[PDB]
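1. Here's a sequence, model it:
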Amino acid sequence: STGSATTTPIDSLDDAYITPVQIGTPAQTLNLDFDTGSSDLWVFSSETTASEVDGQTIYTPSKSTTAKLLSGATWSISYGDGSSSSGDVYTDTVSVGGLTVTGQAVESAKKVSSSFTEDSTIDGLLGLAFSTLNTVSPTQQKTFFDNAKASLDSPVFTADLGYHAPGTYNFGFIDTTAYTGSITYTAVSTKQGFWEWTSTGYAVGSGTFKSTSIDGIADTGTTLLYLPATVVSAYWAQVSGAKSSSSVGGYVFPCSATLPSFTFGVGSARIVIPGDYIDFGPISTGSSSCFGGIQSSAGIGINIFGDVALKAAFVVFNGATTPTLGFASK
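-> Numbering: from 1, shown residues only. The relevant structure is shown in the block below.
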């Protein structure tokens, strides 16, 4: 089997991407944030504290003839950005882009943190990291991909995120029309539960490539590119007037700037992030200070190849017995 679903930016900045997901019988379609950095499929629901729902579409398990309460199971997750959610668990039928999993754990939120409430466009998350990170207790549950894998034509999914435009998540096949050149595959460590890999270096603009190992995670659920302070300083040094602002919480730059590209290495291959992908717009409405899309990972504890990086590539998440990651230009 295969599946193919369009993923759409939630706003004009590509802050996140939503993908429609069918849950239950009859289908209830929710727009979920596919997150290769976590491993829970959780949704706003009829169980979510009413004051914490503001415009989201909810899953109502009592209206699904295939929903079953997973007795005694609870979940609770905290994300790197400080947001969180928790609740109980149903199993139900979940379909993405025509690919159907029966008995998928659907984690129903009883509580969500303010940032989730405040984002009316995201109805929940669909985790695509390794199932070892799944938070369901006392019996850990599998991700949608893990459940689908054996049925897929090939045990892969691909992320093809658009810049200011829709893109695609495919399951079970590699669309050879969706990228240019070849896909370069690189090793993955699953030790931390992430799609963790090592970039071979970087360049800023038309500058020389610096060969240096940068361990990080391919994370579709993180907006920005978080890299070591040395790398980030080298990037922003090429932008007149750019500075790190403790008050704002990262590098800012004059909105009048034209940003240089940023290249990262995948083995001997190179993925170029155009400068415009690195512009996250005014820090507050009407400001001429703009927020940068490349930020320091110092104090995160991990480098994160988020959407800024991934959207410059066609990315293969190869869930073979020994997982790997592939990157192609597009």
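2. can you point me to the longest helix in this protein?
-> Assignment by DSSP state H gives helix 229-236 as the longest helix of the chain.
3. and residue 210, what are its bridge partners?
-> Note on residue 210: beta-bridge partners residue 202, judged by DSSP bridges.
4. In contact with it, which residues?
-> Neighbouring residues of residue 210 by C-beta atoms under 8 Å, 6 or more residues apart in numbering: 201, 202, 203, 234. Every C-beta, even on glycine, is put in place using the N, C-alpha and C of the backbone.
5. What about the last one, how many residues nearby?
-> The one in question is residue 234. 17 (other C-beta atoms under 10 Å).
6. Distance of it relative to residue 299?
-> 19 Å (C-beta to C-beta, to the nearest Å).
7. picking up where we left off before, how far does the longest helix of the chain sit from its chain's centre?
-> Centre-to-centre, helix 229-236 and its host chain are 23 Å apart (C-alpha atoms, centre = their mean, to the nearest Å).
8. outside of whatever helix or strand comes next after that helix, which residues touch it?
-> Downstream of helix 229-236, the first helix or strand assigned by DSSP states H and E is strand 243-245. Residues outside strand 243-245 that contact it (C-beta under 8 Å, 6+ apart): 236, 250, 251, 252, 253, 289, 296.
9. For residue 214, state which of those residues is nearest.
-> Sorting the contacts of strand 243-245 by how near they are to residue 214, with C-beta to C-beta, puts residue 296 at the top with 12.8 Å.
10. who are the neighbours in contact with that closest one?
-> Taking C-beta under 8 Å, 6+ apart, we find residue 296 in contact with 226, 227, 228, 229, 232, 244, 250, 251.
11. now residue 59
-> Contacts of residue 59 by C-beta under 8 Å, 6+ apart are 23, 24, 28, 30, 43, 44, 45, 46, 106, 108, 123, 124.
12. Tabulate those residues (TSV), appending neighbour count and secondary structure.
-> Shown next, in TSV, are those (neighbours: other C-beta atoms under 10 Å; DSSP: H, G, I helix; E, B strand; the rest coil):
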residue	neighbour count	secondary structure
23	27	strand
24	23	coil
28	21	strand
30	25	strand
43	28	strand
44	26	coil
45	27	strand
46	13	coil
106	29	strand
108	26	strand
123	26	coil
124	30	strand
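13. Columns distance to residue 7 on top of those, output as TSV?
-> Below are the contacts of residue 59 laid out as TSV (distance: C-beta to C-beta, whole Å):
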residue	distance to residue 7
23	17
24	21
28	19
30	14
43	17
44	18
45	22
46	26
106	19
108	23
123	14
124	14
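14. Just flag the most distant two among the contacts of strand 243-245.
-> Comparing every pair within those by C-beta to C-beta identifies 289 and 296 as the most remote, at 17.5 Å.
15. follow-up on the earlier one: let me have the contacts of strand 243-245 in JSON lines, extended by distance to residue 165 and secondary structure.
-> Below are the contacts of strand 243-245 laid out as JSON lines (distance: C-beta to C-beta, whole Å; DSSP: H, G, I helix; E, B strand; the rest coil):
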{"residue": "236", "distance to residue 165": "26", "secondary structure": "helix"}
{"residue": "250", "distance to residue 165": "25", "secondary structure": "strand"}
{"residue": "251", "distance to residue 165": "25", "secondary structure": "strand"}
{"residue": "252", "distance to residue 165": "25", "secondary structure": "strand"}
{"residue": "253", "distance to residue 165": "24", "secondary structure": "strand"}
{"residue": "289", "distance to residue 165": "26", "secondary structure": "strand"}
{"residue": "296", "distance to residue 165": "28", "secondary structure": "strand"}
